[PDB]
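What follows is a short report on a single structure.
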Ligand SMILES: [Zn+2]
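Residue numbers (PDB author numbering), protein chains in the order written: chain c, 1 to 148; chain e, 20 to 83; chain A, 204 to 253; chain a, 1 to 304, 306 to 364.
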């Protein structure tokens, strides 16, 4: 049951749509609720997409990640497992590794990930102190303007 | 003029290098020793002296 | 573009080091450099005896 | 483990067996703390940590901003979740605060009423912990990279200080005498450590890629110079007999003091017979470090021995005498500067450049 999942994720991300097309996202929701190892398979798909060089694709992958984060708990544990790399790939904190083009999609990625991280700090911060560490590090060490 | 300045944090002489990214209107001053970094807006009239200045000012303001 | 991850970014080159570097130069590399070893060796350009 | 308890009850195994086996099992199960937190007060990276040797309750932390924070590690609250609160603080408003980064802080052994802190402001300050005022200051002509008091000396109270000068200073707490120096290094002395076994044995590691053991009572220089090859590449001693192929920026005697762990900038850690400096050829693989200053790493105690080395933004846990890599403690966001091991409960406290002190507890 991995073929259809890789497919559906590929049409979701490669399309470059401004907003998630709803019914196939609902199919992803159902089939990700189906099994836990296959939810984590979707997580690896997202991680592999997020490294790839396009800001729109990075945006689609991050928005899927946010959907699963607000929707799944084992997903929250799994992503906080490597929140450091997640921040390196989303926020582009590291100077050596810059976010890939276009500039508009990269800016939208920055805004969306800042606000999603704010929401995650408010909602799941106490249950995941490593999320609190990441939020604090972003807010002081990187001086990310959360008011922007 | 001087382009390498003493770091306010580690007091190592000429250990601070200044990078003027004019395309983004931002100056980045970094100490090679203690790895302290600071970013300030810059204009076309700005110089490493004014980035080094904004860094000292930010330090003194934050230390109040 | 230092050979190793960290060796030294900038060093002060003392005359003593230059003397050894020049003394290692071969009698053929000196001739290629236009310095006949019989009459002038590169290390002789460093003042050791005044 | 019920086998362990049964063997202890029936006398089959000495309680030593259960104690050290369970200590080792706890260290292996080291993980990011589920219910513990450490108060954040340093504005800059934490360069050093030190839990007091007696009662293991209080922890000192020196930050890159020059402040020194004194934490209480005990869970005096009734909840399972607690934050290690900060008892005291040499903050920016203290009259005697260090002007630059504090690079080493150490509790006075044999008593918690005094501690010491050395900074890149060229000062080794001795603080009364009760009044929180500088009892003494020792100024140096060049920045201090590390310092260490003997954890064993009931007789002497010397502080060995390694600065960017090529000389190891010995500052006597008794009759304030900082004149004593040891000659034989050639570049900055990035680490110094007294032997826990022998009272007057001091190991010093310097940027000249050499580690020297000194009997400070002696008048004839270093006792031993550590050599990678032990004699395979033998030369008249002017530049050979190097401990590493880079700067040796960290020292740590093992718990018994019979071996010495040296970490250098050649991405290598080595284990040395502390009695004749012979390399034991324990591998350890590649230990990533590029720190231009001293690297603080510690060893475990009271277990069936581990070494916790900062490895990038992680803590690499190795078995000292086999070199087998246990694990990576992965919770820091920037390079880890120091890790200090609480031996009572097999806990770890790591300070890094991200202005965080993270506590690792057995799961
Ligand atoms: Zn600096």
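Heads up, the beta-carbon is just placed ideally off N, CA and C, and yes, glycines get one too.
List the residues of chain a whose Cβ lies closer than 8 Å to the Cβ of residue 141(c), in chain order.
Position 141 of the first chain, counted from the first residue, corresponds to residue 141(c). Within chain a, the residues near residue 141(c) are 334, 335, 355, 356.
Euclidean distance between Cα positions of residue 38(a) and residue 140(c):
Along the fourth chain, read from residue 1 onward, the residue named residue 38(a) stands at position 38. Along the first chain, read from residue 1 onward, the residue named residue 140(c) stands at position 140. Rounded to whole angstroms, residue 38(a) to residue 140(c) spans 17 Å at the Cα level.
May I ask you to report which of helix, strand or coil DSSP gives residue 327(a)?
Position 326 of the fourth chain, counted from the first residue, corresponds to residue 327(a). It is a strand residue.
Would you report the Cα separation of residue 54(c) and residue 80(e), rounded to the nearest angstrom?
In the first chain, the residue the question calls residue 54(c) occupies position 54. In the second chain, the residue the question calls residue 80(e) occupies position 61. When rounded, the distance between both Cα atoms is 39 Å.
Three-pair Cβ contact test at 8 Å for the region 79-87 of chain a versus the region 109-125 of chain a:
no
To test your reading of the DSSP string, which unbroken beta strand (DSSP E) runs of 3 or more residues are found completely within the region 307-364 of chain a?
307-312, 315-320, 326-330, 337-343, 348-353, 358-363
How about residue 34(e): is its Cβ closer than 7 Å to a heavy atom in ligand 1?
Indexing the second chain from 1 puts residue 34(e) at position 15. The answer is yes for residue 34(e).
On the DSSP bridge assignment, give the partners of residue 147(a) in chain order.
What you label residue 147(a) is simply residue 147 of the fourth chain in a count that begins at 1. DSSP output for residue 147(a) lists 161(a) as bridge partner(s).
Does DSSP put residue 59(e) in a helix, a strand or coil?
In the second chain, the residue the question calls residue 59(e) occupies position 40. It is a strand residue.
Between 76(e), 21(e), 78(e), which lies nearest to residue 36(e) when the distance is taken from Cα to Cα?
Looking up residue 36(e) in the second chain gives position 17. Closest option to residue 36(e), Cα to Cα, is 21(e).
Taking 7 Å as the cut-off, is the C-beta of residue 50(e) nearer than that to any heavy atom in ligand 1?
Within the second chain, the letter at position 31 stands for residue 50(e). Indeed, a heavy atom of ligand 1 lies less than 7 Å from the Cβ.
At what residues does the alpha helix (DSSP H) containing residue 4(c) begin and finish?
As a position in the first chain, residue 4(c) is number 4, starting the count at 1. First-last of the alpha helix (DSSP H) with residue 4(c): 2-14.
Say the cut is 7 Å; is the CB of residue 137(c) nearer than that to a heavy atom of ligand 1?
Reading the first chain from its first residue, position 137 is the one you call residue 137(c). Residue 137(c): no, Cβ never under 7 Å from ligand 1.
Members of the region 118-141 of chain c that neighbour chain a once the beta carbon cut-off is set at 8 Å:
129, 130, 133, 134, 136, 137, 140, 141
Closer than 7 Å: is that where the CB of residue 85(c) sits relative to any heavy atom of ligand 1?
Your numbering for residue 85(c) matches position 85 in the first chain. Result no, Cβ not under 7 Å from ligand 1.
Simplified DSSP state of residue 124(a), which is helix, strand or coil:
Within the fourth chain, the letter at position 124 stands for residue 124(a). If DSSP states are grouped into helix, strand and coil, residue 124(a) belongs with the strands.
What span of residues does the alpha helix (DSSP H) with residue 33(e) cover, start to end?
Within the second chain, the letter at position 14 stands for residue 33(e). No alpha helix (DSSP H) holds residue 33(e); DSSP gives it neither H nor E.
Any non-hydrogen atom of ligand 1 within 7 Å of residue 55(e) CB
Along the second chain, read from residue 1 onward, the residue named residue 55(e) stands at position 36. The answer is yes for residue 55(e).
Using a Cβ cut-off of 8 Å (strictly closer), state whether residue 209(A) contacts chain a.
For this step, residue 209(A) is matched to residue 6 along the third chain. Yes, contact with chain a.
With hydrogens ignored, establish whether the beta-carbon of residue 29(e) is closer than 7 Å to any heavy atom of ligand 1.
Walking along the second chain from the start, residue 29(e) turns up at place 10. For ligand 1, at least one heavy atom lies less than 7 Å from the Cβ of residue 29(e).
Could you spell out the range, first to last residue, of the alpha helix (DSSP H) harbouring residue 184(a)?
Against the fourth chain, residue 184(a) aligns to sequence position 184. Segment: none, residue 184(a) is in no alpha helix (DSSP H) and carries neither H nor E.
Per DSSP, cross-strand counterpart(s) of residue 45(c)
Against the first chain, residue 45(c) aligns to sequence position 45. None, per the DSSP bridge assignment.
Measure the Cβ-Cβ separation of residue 321(a) and residue 254(a) and say whether it is below 8 Å.
The residue labelled residue 321(a) in the question sits at position 320 within the fourth chain. The residue labelled residue 254(a) in the question sits at position 254 within the fourth chain. Yes.
Span of the alpha helix (DSSP H), counted from its first residue to its last, around residue 140(c)
Within the first chain, the letter at position 140 stands for residue 140(c). Element bounds for residue 140(c): n/a, residue is neither H nor E.
Minimum C-alpha distance to residue 305(a) - residue among 29(a), 70(a), 239(a)
Within the gap of chain a, which runs from 304 to 306, lies residue 305(a), and it has no coordinates in the structure.
Give me the Cα-Cα distance between residue 41(c) and residue 122(c), rounded to the nearest whole angstrom.
Numbered from 1 along the first chain, position 41 holds the residue referred to as residue 41(c). Numbered from 1 along the first chain, position 122 holds the residue referred to as residue 122(c). Each residue's Cα considered, the two are about 27 Å apart.
When you compare only the Cα positions, how much space is there between residue 134(c) and residue 33(a)?
By 1-based counting over the first chain, the position of residue 134(c) is 134. By 1-based counting over the fourth chain, the position of residue 33(a) is 33. Whole-angstrom Cα-Cα distance: 15 Å.
Give the single residue among 197(a), 242(a), 224(a) whose Cα lies nearest to the Cα of residue 232(a).
Start at 1 with the first residue of the fourth chain, and residue 232(a) comes out as number 232. Answer by Cα proximity: 242(a).
When DSSP builds the beta bridges, which residues end up paired with residue 89(a)?
As a position in the fourth chain, residue 89(a) is number 89, starting the count at 1. Answer is 69(a).
Which of the three DSSP states is assigned to residue 61(a) in this structure?
By one-based count along the fourth chain, residue 61(a) stands at place 61. Three-state result, residue 61(a): strand.
Kindly indicate the opening and closing residues of the alpha helix (DSSP H) around residue 232(A).
For this step, residue 232(A) is matched to residue 29 along the third chain. Start and end: 230-235.
Mind checking if residue 249(a) is an interface residue toward chain A, Cβ cutoff 8 Å exclusive?
Against the fourth chain, residue 249(a) aligns to sequence position 249. No, residue 249(a) does not count as interfacial toward chain A.
Which residues bound the alpha helix (DSSP H) around residue 19(a)?
Position 19 of the fourth chain, counting from 1, holds the residue named residue 19(a). Segment 15-28, the alpha helix (DSSP H) holding residue 19(a).
Taking all protein chains shown into account, decide if residue 51(c) is buried (16 or more other Cβ within 10 angstroms of its Cβ) or exposed.
Position 51 of the first chain, counted from the start, is the residue given in the question as residue 51(c). Under this definition residue 51(c) is an exposed residue.
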